[PDB]
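Novice: Chains as they are written, first to last, in the entry's author numbering: chain 4, 236 to 470; chain I, 1 to 126; chain N, 1 to 136; chain f, 1 to 37; chain G, 2 to 177; chain J, 10 to 142; chain W, 4 to 195; chain 3, 2 to 24. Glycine residues also receive a C-beta, built at the ideal position from the N, C-alpha and C atoms.
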Amino acid sequence: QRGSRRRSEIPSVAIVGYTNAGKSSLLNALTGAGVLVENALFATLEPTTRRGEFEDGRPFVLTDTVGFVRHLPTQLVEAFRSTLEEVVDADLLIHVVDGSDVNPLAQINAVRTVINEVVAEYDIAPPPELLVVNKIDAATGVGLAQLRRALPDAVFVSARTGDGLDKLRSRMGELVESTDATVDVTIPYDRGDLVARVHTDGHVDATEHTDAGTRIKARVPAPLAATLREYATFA
Amino acid sequence: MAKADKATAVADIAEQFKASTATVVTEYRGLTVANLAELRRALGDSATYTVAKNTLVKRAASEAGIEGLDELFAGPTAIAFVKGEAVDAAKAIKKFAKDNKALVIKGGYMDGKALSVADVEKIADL
Amino acid sequence: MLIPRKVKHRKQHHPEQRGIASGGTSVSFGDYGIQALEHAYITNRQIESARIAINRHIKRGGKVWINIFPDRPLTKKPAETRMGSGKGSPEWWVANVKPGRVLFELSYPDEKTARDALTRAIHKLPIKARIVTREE
Amino acid sequence: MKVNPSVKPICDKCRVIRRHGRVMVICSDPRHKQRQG
Amino acid sequence: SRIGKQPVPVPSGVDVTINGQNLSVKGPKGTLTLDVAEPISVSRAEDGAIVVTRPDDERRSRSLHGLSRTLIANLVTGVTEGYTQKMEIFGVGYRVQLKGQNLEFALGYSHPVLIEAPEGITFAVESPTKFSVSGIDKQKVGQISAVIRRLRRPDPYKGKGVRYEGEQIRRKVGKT
Amino acid sequence: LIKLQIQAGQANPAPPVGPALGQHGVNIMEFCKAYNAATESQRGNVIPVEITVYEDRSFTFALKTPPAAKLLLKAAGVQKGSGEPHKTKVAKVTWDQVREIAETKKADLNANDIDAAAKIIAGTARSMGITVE
Amino acid sequence: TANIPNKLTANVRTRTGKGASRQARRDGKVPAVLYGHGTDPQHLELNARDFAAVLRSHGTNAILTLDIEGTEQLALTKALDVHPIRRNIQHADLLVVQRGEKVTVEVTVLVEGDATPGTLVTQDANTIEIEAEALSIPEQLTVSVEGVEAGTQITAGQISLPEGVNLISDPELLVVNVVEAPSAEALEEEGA
Amino acid sequence: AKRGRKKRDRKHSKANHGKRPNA
RNA sequence: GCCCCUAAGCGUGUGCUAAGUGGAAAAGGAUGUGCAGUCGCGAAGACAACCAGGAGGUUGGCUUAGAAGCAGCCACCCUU
RNA sequence: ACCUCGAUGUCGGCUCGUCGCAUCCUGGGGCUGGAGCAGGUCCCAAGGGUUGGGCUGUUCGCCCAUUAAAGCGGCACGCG
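1. Would a C-beta distance cut-off of 8 Å place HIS46 (chain W) and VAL99 (chain W) closer than the cut-off?
2. Note down the Cα distance separating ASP401 (chain 4) from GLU188 (chain W), rounded to an integer number of angstroms.
3. Entirely within the region 353 to 417 of chain 4 and at least 3 residues each: give me those beta strand (DSSP E) ranges in chain order.
4. Cβ atoms of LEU297 (chain 4) and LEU410 (chain 4): under 8 Å apart, would you say?
5. Measuring only the C-alpha atoms, how far is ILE131 (chain W) from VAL99 (chain J)?
6. What did DSSP end up calling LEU74 (chain N) once you bin it into helix, strand or coil?
7. Measure the C-alpha to C-alpha separation of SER22 (chain N) and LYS20 (chain 3) and round it to an integer number of angstroms.
8. Consult DSSP for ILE123 (chain I) and reduce its assignment to one of helix, strand or coil.
9. Distance, Cα to Cα, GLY65 (chain I) vs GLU109 (chain J)?
10. Does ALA13 (chain W) come out as helix, strand or coil in the three-state DSSP assignment?
11. Please list the partners that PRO246 (chain 4) has in chain G, where partner means a Cβ-to-Cβ separation under 8 Å.
12. Over the uninterrupted alpha helix (DSSP H) stretch that includes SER85 (chain N), give me the two end residues.
13. Between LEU77 (chain W) and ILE66 (chain W), is the Cβ-Cβ spacing less than 8 Å?
14. Is the separation between the beta-carbon of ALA118 (chain W) and that of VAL112 (chain W) shorter than 8 Å?
15. Quick check: the Cα distance between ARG56 (chain N) and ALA120 (chain J), rounded to an integer number of angstroms?
16. Where does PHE303 (chain 4) sit, in a helix, a strand or coil, going by DSSP?
17. Can you pull out the residues from the region 426 to 450 of chain 4 whose beta carbon lies closer than 8 Å to at least one beta carbon of chain J?
18. Measuring alpha carbon to alpha carbon, tell me which of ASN103 (chain G), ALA107 (chain G), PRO8 (chain G), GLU127 (chain G) ends up nearest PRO119 (chain G).
19. Please list, in chain order, all residues of the same chain as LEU262 (chain 4) whose beta carbon is under 8 Å from its beta carbon, the five residues on each side excluded.
20. Considering only their Cβ atoms, is the gap separating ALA71 (chain J) from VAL55 (chain J) smaller than 8 Å?
21. Does the structure place the region 63 to 74 of chain G close enough to the region 109 to 118 of chain G that three or more beta carbon pairs sit under 8 Å?
22. When the Cα atoms are used, what is the spatial distance from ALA11 (chain I) to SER20 (chain I)?
23. By DSSP, does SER107 (chain N) sit in helix, in strand, or in coil?
24. Which residue wins for smallest C-alpha separation from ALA20 (chain J), given the options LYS42 (chain J), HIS33 (chain J), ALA126 (chain J)?
25. Out of curiosity, what's the CA-to-CA distance linking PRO458 (chain 4) and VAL331 (chain 4)?
26. How many whole angstroms separate the CB atoms of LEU382 (chain 4) and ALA389 (chain 4), which I take to be in contact at a CB cut-off of 8 Å?
27. Please report the Cβ distance between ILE15 (chain J) and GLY27 (chain J), rounded to the nearest whole angstrom; I am assuming they are in contact, meaning their Cβ atoms lie under 8 Å.
28. Would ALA40 (chain N) pass as a contact of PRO126 (chain N) if the rule is Cβ separation under 8 Å?
29. So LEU30 (chain J) is in the alpha helix (DSSP H); what residue range does that whole segment cover?
30. Tell whether a beta-carbon distance below 8 Å holds between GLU72 (chain W) and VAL33 (chain W).
31. To which residues of the same chain is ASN23 (chain G) closer than 6 Å at the C-beta, ignoring the five residues directly before and after it?
32. Going by beta carbon distance, what residues of the same chain come within less than 6 Å of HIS438 (chain 4), once the five residues before and after it are set aside?
33. Taking 8 Å as the threshold, find out whether the region 99 to 119 of chain N comes into contact with the region 58 to 70 of chain N through three or more Cβ pairs.
34. Check this for me: beta carbons of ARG66 (chain J) and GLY31 (chain J), under 8 Å apart or not?
35. Could you work out which residues of chain N lie near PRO141 (chain W), taking near to mean beta carbons separated by less than 7 Å?
36. Got a sec? Which residues, its chain only, sit under 6 Å from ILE60 (chain J) by beta carbon, not counting five neighbours each side?
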């Protein structure tokens, strides 16, 4: 199923974190899904995905995984090895930690050493890690500045209230568009299976009706950017 | 499709004929609602207009002297009930006859007299 | 699930599945109902599983009545043991059903969605059953 | 084709017929066509 | 039965023959021969028509009513005016040529394929990308055109292959 | 035969409006300049514009009365439409106000009478639940 | 109201019991017994089809005019017995009445209307017993519920009875209860 | 269990009257 | 039990079955056929084929980019 | 606990087979979120084929090299 849905051009982002980190409600509040939650342990278990939406008008694959617990046996890690395959299939990995706690250094240390186990045994480059503190309304401002100084890649969020969601899309935007390869293609007149593709599948830069054809400066996704290299304007 | 609704139609159509003087009957087919909305504003200013069933007309025509259109009830029936002067609605429709040219007049009736298509043109001329 | 709070006797005989129903053969709370046509021991799981099925098709409004309650216990001894030496502990609670008994009842504005909701629950019961109305 | 004991019309353009002693559903959409057995 | 109610109108240009249930019609194109089912009987009225007669309302006899009427109907409009079907071929590099009583296709295969002409069926090429099949028997004309149309596995991505005249085939977008 | 509704003084973003009709082969820039030139007088609404297309790709665009679904909002003072009409009422509009909306909507509505148009606005008022008193 | 009594024929049975009754229902009849102030029960059998047609139109309480052996006899169907599975009449009780007597009869209650959108109408009492003249029984009673707000109770005393009839049952009995629309979580909470 | 079924189902014949030894 | 093996009926009358059902089986799926009763419609032409329309407010309100007559929720009225 | 206790020799391996199809390869197709290459799922099909080694008594399993494939079962858990 993934081997037929990876062929498409949908960016994939993964949300991971401890149990009762509010990862389920983050997907509910960012999209509008009615995924049910319980203020207890193992609120959600199935690997849930739904569409993601943006400020600039881009869809992506937003994947909710299973919640972790501390001192997990590797037997249970292997038991849920089916739910954690999306970790390496993620363009961007979003990490959410308990913002009301004492030791954000331990929360990142435990999960990252858990996830990099799978990255190492799957031998792919680790994704750009992003941390999201939750419950800024239920958190103390002293620790807010401590992670401000320590992690510039950290962002304050309170999904239970909804502050700073527009900045999340901007941060999500700059790091997802960054994997694409800008192209300068010249599509001829006998390949008219591309005019709608360059306008909606990718991002347009400029367009001119030259003699050799239409010199289409454009930005297109990874399976769509290494793809027009035949008609490249320079080496 | 209970018969009571059709029975009320037969009484009403005849009573409007006996309340009106003349008629002009054309083909309604192929005319947009935008045209139908445009015409109904001009149609209802003085006259009235309906698109009823041929047999509903016949059972609502046998009472009074509007049985002089039996052989002409074959085709798309579009009654333009002109109540006042018979030339008002006949002049407006001849505007639409030239405006559209997809409408062809089937016939008309006035003063208990049976006419033809060319006679109707003269009626719109009178 | 539905279980009784306390039952005077914990290990009872098997309920007799003979004869036709003599009570509860008329819908008396809602508008539509399910009428049984075969004897069965409808456990508390099939009662609750069918209850969710009706709710998931109306999803907004209406009330569901369950006139049947799993009172009787049914026991089983541990597997891979020879016969004799006692009687097993009660495991699943069932409710005796005789044909003619009205099992579930629904109250919903439009009939088509009401009957389709009931047909969803009927397909989760161990019996043949039909849909009966409030009217005569 | 879907070989199922329980073939039903799925869309509003699905016709259910009999062809050589088998109940089958035939539709414009190839996804819908199915036979009994 | 409503289909079989009306009678087949014979024209001035053919002669019919009814010897029991072996009805044969001959005219300006050919000679066609037919046999009907045993309940049904067929004769002709003196007003230039052929009539099929079912004596019962049994399910078997009611189905053979409509079947017999259309068969004689096509037996008449065939032996006199005949049938033609206009076939088209689509895709770059796809052509057709005529080799006497045969047809040669070029449908992207390594080997140019041949289609023989069954008797009473005449191939008539018009343009390299459009042709027509004509004949006397409606059953045979539609049979060979069906084989012709199936010379390429269906392609909904670009529609390459032999199609019918006013076809609107199902297509889809082949993206990735 | 296409349709659009664009903000008063702003236009040409890429998702909403530009490629929304540039996929059919019409003008992209003069339409925005012309659209601004006509609405600068009104400037306080949204307009359903109905561009009618022919073989020659040249546009024929017309400007209609502001929608009753939004002309009611400015008449009542609220900004967000009601999520539960007939259960919680959030806007106030007087029968006089409906007459005021009918005066603006007198040109492009099917209503033959002033009071009949008032009914039409009342019929639209029920779709978001705006109190008519 | 002037309820036209129905004409039904009857025969007097030669034999009774379960042997004779089962044969009657197989042959196409339906047994019944006529009693009342006459103090002499007559065992009759009606035509099964005709009696059902009378019941299908004029409700359960249908005034009957039996011509038993050619003699007129006004009667009122006191009670019915229906098999719960096959839904057929097995037996009927026919009480003998004469014009100008106040009987006590249970009649059904209908509900007509369309309440405000945030409510669900749950009818409690299917029937209600009234006192009416022998030939002027109301065949059904109506409770038009419309424009009612959150939960409102319509008892028997809110029913508009026709002229010359009385509400025997106490007016405190509740008939129609309109309740707020159950919430999407209430379906989950109720019954577990 | 074909053997166990074909033997029990042998009792529905005319000459056995719905009963047989060992069912 | 009565076509031949195999003693005695390829018995008589009225219907049903097309599956070798007769000569194994369930939940359930299903335009296979015979019988009985109902309901809506219809020579004021109901149904099938076919002609012509199938519009205005409008992009009905909340919701995310967005549901614009046509993922989701509420409302679901009016003029020709 | 019905046949066998005045005997019905019990696991693996070797030799030798024979059958079923609920098919691992080869053969024919329908659907596909099937562009191609390659797949996924279902239907038809028993003609032939289905390797050699390290560890363990091992069936089973893990591993090393390959191959079009290294099928699942029954026959006293076939065969003293």
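Specialist: On the basis of the supplied data:
1. no
2. 32 Å
3. 364 to 368, 389 to 391
4. no
5. 44 Å
6. strand
7. 33 Å
8. helix
9. 49 Å
10. strand
11. The contacting residues do not exist; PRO246 (chain 4) stays about 15 Å from chain G at best.
12. Premise fails: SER85 (chain N) is in no alpha helix (DSSP H) and is neither H nor E.
13. yes
14. no
15. 44 Å
16. strand
17. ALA431, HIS434, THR435, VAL439
18. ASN103 (chain G)
19. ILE250, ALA268, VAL270, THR283, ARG285, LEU297, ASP299
20. no
21. no
22. 14 Å
23. strand
24. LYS42 (chain J)
25. 29 Å
26. 5 Å
27. Not quite, the Cβ-Cβ distance comes to about 11 Å (not below 8 Å), so this is no contact.
28. yes
29. 27 to 30
30. no
31. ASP36
32. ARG454
33. yes
34. no
35. Here the premise fails: no neighbours, minimum Cβ distance about 17 Å.
36. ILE11, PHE68, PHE70
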